[PDB]
């Protein structure tokens, strides 16, 4: 159980370097490149506001699933944890149509769940006790827990 995402997933980040600040959307592929440059402190947007990324994880190749609500769609690892309306966590592959989940637009029910092809994926630590972030607009758990 973690928060693993493929290269094409979109997140909202804030870069800081010696007084310079930049905020923008990036793909996880771009995020990895920015992280590995070592030039920035990187924060990610979360339901707890911007929170700092600590460790990074290259996760190898994992099974993937596509999950969509009316507003958002993510392709994520089968064991990528998504936050239900009641604050508890469920693996993406265990979601079923109708389940209410937390998104950047509030609670929305899942409309689509579809297994897809194995892909390279990535995870990271968020330095907040809720350990969560927005991944493709859906509230996701960062790392294990």
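Positions refer to the first chain, counted from 1.
Which of 77 to 85 and 104 to 112 has higher mean CA B factor, as the PDB entry lists it: Here the higher of the two C-alpha B-factor means belongs to 104 to 112.
Criterion, highest CA B-factor; candidates, 34, 67, 53, 70: Going by the entry's C-alpha B-factors, 70 comes out highest.
Record-listed C-alpha B factor of residue 128: chain third: Middle third by C-alpha B-factor.
B-factor third for the C-alpha atom of residue 17 within its chain: It falls in the top third of the chain.
Ranked C-alpha temperature factor of residue 5 among modelled chain residues, by third: It belongs to the middle third of the chain when residues are ordered by C-alpha B-factor.
Chain-relative CA temperature factor third for residue 43: Its C-alpha B-factor belongs to the lowest third of this chain's values.
Within-chain third of residue 26 by Cα B-factor, per the entry: Its C-alpha B-factor belongs to the lowest third of this chain's values.
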